[PDB]
Amino acid sequence: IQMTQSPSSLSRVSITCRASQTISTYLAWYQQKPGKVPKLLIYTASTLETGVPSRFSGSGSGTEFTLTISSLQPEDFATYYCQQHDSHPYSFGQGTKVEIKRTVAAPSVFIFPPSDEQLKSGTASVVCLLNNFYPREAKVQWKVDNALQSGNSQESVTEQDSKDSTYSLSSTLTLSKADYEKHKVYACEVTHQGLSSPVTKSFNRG
Amino acid sequence: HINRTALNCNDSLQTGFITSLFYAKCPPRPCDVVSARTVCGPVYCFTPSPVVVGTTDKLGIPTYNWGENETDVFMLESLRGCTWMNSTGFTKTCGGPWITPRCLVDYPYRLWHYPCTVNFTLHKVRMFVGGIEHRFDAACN
Amino acid sequence: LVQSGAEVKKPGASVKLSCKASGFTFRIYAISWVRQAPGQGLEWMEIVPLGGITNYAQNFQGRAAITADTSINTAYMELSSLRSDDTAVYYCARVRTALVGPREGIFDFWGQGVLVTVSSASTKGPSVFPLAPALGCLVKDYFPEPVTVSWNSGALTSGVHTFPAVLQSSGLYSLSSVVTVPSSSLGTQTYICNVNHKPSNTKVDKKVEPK
């Protein structure tokens, strides 16, 4: 038995949860904050759990179910999973991330050459920083002597900040010491919604 | 409240009947006193409406020992059919919920005590039995 | 209800996970286990009351074995033949039953959550490299999780962005932590990151300078 939630990302609003087989109202909802434990909200699509605020409502039956919320309090921005508890096996779905919405902020791009302490170990790492940008969607593309780089870069996005509700990204490009000395130009191209033109930040070995 | 349930379930025949006790998933004596040590699961006495019977002593004091002590029994005569599951997984009846030889009084354990009634149709019943209006569901063919 | 401690084991082995129960009846409620990969959804790996009923999931039915053994209400959990994708946090939650519960089975209460990491790499101390100019420290080649980073012994808590760890191709981890400061105070204030890899007890204080 399979489950699927319709909204991939979210920014009154509702969340959908569609099944593959028919179920006569035996679905549960859960709320999970990043770092804490999942919390039960509704346990039979209609009746909410005791202690859950009345603003959390649930409707739907059969193949499609809905989780309806009206007021968005600061204690509600988290991931929400739906569970099927009719027959075995119990199955969840890909949780919907409810993100905040704000003014589109432009990313602050910074690039960092590898340190000389690391070059003495036979490997090099180049970092391109993106600080405080909205939304989470970004696009980083490395270039070495105007040559496309893919497969050796690994990214990591932080959670949405609490003071300004912005994201931050840091892409790491790992090269060998030998191949790092074979080139002199290293660039980091960034494409974001808060930028009318692809801002480029580059440097030379020197 | 939940302590008034006889859980003397000893699946010696290895039939695994307790599986349908926890979740949902084929080929007449009157109700009196029955010991709780030979009962596994809730007891449902069937008036016009299905009523759950708890575990008490010989006088009727509600005992909270899960039917472990021998002083735990069920007073089926005080609710004047009743059904229950014994220790080895048999639907022991007396009088059960078969008001009509083709129908059956519905209750949260209709499919566990009577598995061959899953394909039965439910109907809404309203009737003044002895002046009291009872609302319940049936399960006919 | 409290689980066991976090364990880290190499692939192709077995992990024994414990749990406990307090404030409810152990026979009635079934005890389930839930898996959550880092950055992914919740997996339904299942349940067992001490009545002797067990129903595993299709994928985990081969190697996962959940035993009740209501000696002190443990509800053990043994997962043999581990693999790299089994690296996930595991929970011990209460799933309801059609006896006392309103429906078949709902996870009304969950466990603290135990982290289980499956990797062939051994415990290795980190190597901090400076990101000279915004500036930061680059923690590279450390195992296993976690690693704590602070600046000036915690005296600088504004504008600090500690990025989550990344699993490299070599099985080791790599983490970055940057901080934004005005250029007028670049040659005035001294910035030092405080990296502490407690699994290896490797405390590092790196002074970051430009040029």
- request: For the range A:68-88 and the range B:28-58, compute the distance between their C-alpha centroids and round to whole Å.
  value: 41
- prompt: Counting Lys and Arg as +1 and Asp and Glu as -1, what is the net charge of the other residues whose Cβ lies under 13 Å from the Cβ of C:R103?
  reply: -3
Dipole moment magnitude, nearest 20 debye, the range C:37-153 about Cα centre, only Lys, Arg, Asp, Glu C-beta charged: 140
task: Please label the shape of the protein assembly as shown as rounded, prolate or oblate, based on the square roots a ≥ b ≥ c of the eigenvalues of the alpha-carbon gyration tensor (a/c under 1.5 means rounded; beyond that, a/b larger than b/c means prolate, else oblate).
output: prolate
- prompt: Once you charge only the Cβ atoms, +1 for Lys and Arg and -1 for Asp and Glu, what is the size of the charge dipole of the protein assembly as shown about its Cα centre, to the nearest 20 debye?
  reply: 420
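Give the Kirkwood hydrodynamic radius (Å, one decimal) of the range A:3-98, defined as one over the mean of 1/r across all pairs of different Cα atoms.
Values: mean 1/r = 0.0754 Å⁻¹.
Hydrodynamic radius (Kirkwood, Cα only) of the range A:3-98 equals 13.3 Å.
Less than 13 Å Cβ to Cβ from A:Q5, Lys/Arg counted +1 and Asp/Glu -1: what total charge do the surrounding residues give?
The answer is +1.
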- request: Could you work out, residue by residue across C:175-183, how many beta carbons of other chains sit within 10 Å of that residue's beta carbon, and then give the average as an integer?
  value: 3
message: With +1 on the Cβ of every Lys and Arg and -1 on the Cβ of every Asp and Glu, and nothing else charged, how large is the dipole of the range B:24-115 about its Cα centre, in debye rounded to the nearest 20?
response: 380
query: What is the spin-label model distance, in nm, from A:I100 to C:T148 if the labels are put 7 Å beyond Cα along the C-beta direction?
result: 2.6
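Every number in this text was worked out from the coordinates using simple rules, so none of it is lab data. Because the Cβ atoms are built from the backbone with ideal geometry, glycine has one as well, and the counts that use them run over all protein chains shown.
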